[PDB]
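Position one of the first sequence corresponds to residue 6 (full-length UniProt numbering), numbered consecutively onward. First comes the structure, then the notes that go with it.
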Amino acid sequence: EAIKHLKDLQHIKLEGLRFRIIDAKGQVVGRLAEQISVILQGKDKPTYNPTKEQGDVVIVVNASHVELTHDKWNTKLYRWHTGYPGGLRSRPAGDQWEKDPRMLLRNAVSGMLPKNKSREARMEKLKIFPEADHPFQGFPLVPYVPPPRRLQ
RNA sequence: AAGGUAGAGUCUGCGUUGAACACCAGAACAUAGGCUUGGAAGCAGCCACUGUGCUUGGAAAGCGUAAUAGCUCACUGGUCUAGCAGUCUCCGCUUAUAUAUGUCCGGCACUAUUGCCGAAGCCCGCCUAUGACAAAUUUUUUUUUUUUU
Ligand SMILES: [Mg+2]
Ligand SMILES: [Mg+2]
Ligand SMILES: [Mg+2]
């Protein structure tokens, strides 16, 4: 992590926004992805404009405390094509965790954003970290705790 | 149509006088019950279903042998000891072989007789065209019958 703490501090995006930190301990990937999508679009702001791309810098820690309920570790797949004949590639969720474990929440947030050309800028602002610390230690960052889970 | 697919709605064959499965297993005599066949010995084809001491043992579901047997299932005392079925009814997902370029819930995801959103409907403001209906208390305002031989 000698240079990984350096590269994540290199910012391409606009920075008039607010930084958010979310602990993903015990959170279901779908509901956390819904809340992260709402924060990323900037619709938690009274000054929201559909044309203007505001939002928040969402930082997620503990990406491997994230669970997939009802045997979706072996049955949920991730499929794409290569453009070549026979190019269907389907990866299971356990193999997706064993390849890159932050991609579960990454793809879940990607499927919930609006499908336009502002999606690249919104997916920049989602920074998902597997372990419990992030490079933005000294930053002024405001925590987003979700509403309590016990509706059931 | 089909499987120990599950969640719920009633009477009941079981069953705390030792219980389905799980455990020690008693598991038989005149006999090899009567025809055939070389042998038909609990059972190739078939006919019979005599008794017996019985808490139990079917002429007997069977691997099986020239067949007895090598083994046992079913029927019953106790062990385990609170176990406990299969008859009726739906439901959220299933099974029945080519989506044969590349995913078939739209994707991502998830194990309310009314509050709100929601249309060019309806109401409100303004405008246009064509139709109707409504509205918009002092009359009189002067001017001629005639005349000249
Ligand atoms: Mg109305
Ligand atoms: Mg109207
Ligand atoms: Mg008019």
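For every residue, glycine included, the Cβ atom is placed at its ideal position computed from N, Cα and C.
(message) Tell me which residues share the same chain as residue 99 and place their Cβ nearer than 8 Å to its Cβ, disregarding the 5 neighbours each side in the sequence.
(response) So the qualifying residues of the chain are 78 and 79.
(message) Can you give me the C-alpha to C-alpha distance between residue 109 and residue 101, rounded to a whole angstrom?
(response) Between residue 109 and residue 101, the C-alpha separation is close to 7 Å.
(message) Less than 8 Å between the C-beta atoms of residue 42 and residue 135, yes or no?
(response) Taking 8 Å as the Cβ cut-off, residue 42 and residue 135 do not qualify as a contacting pair.
(request) Using a threshold of 8 Å, state whether the C-beta atoms of residue 141 and residue 64 are closer than that. (result) Yes, they are a contact pair.
(request) Could you check the C-alpha separation between residue 131 and residue 37 for me, to the nearest Å? (result) Roughly 12 Å separates the two Cα atoms.
(message) Here's the rule I'm using: 16 or more other beta-carbon atoms within 10 Å means buried, otherwise exposed. How should residue 149 be labelled?
(response) Result: buried.
(message) Applying the 10 Å Cβ sphere with the 16-neighbour rule, what's the burial state of residue 61?
(response) Buried is the label assigned to residue 61, since at least 16 other Cβ atoms lie within 10 Å of its Cβ.
(request) Please state whether DSSP places residue 150 in a helix, a strand or coil. (result) Reduced to three states, the DSSP call for residue 150 is coil.
(message) Just to confirm before moving on: does the CB-CB distance between residue 24 and residue 118 stay below 8 Å?
(response) For the 8 Å CB-CB criterion, residue 24 and residue 118 do not form a contact.
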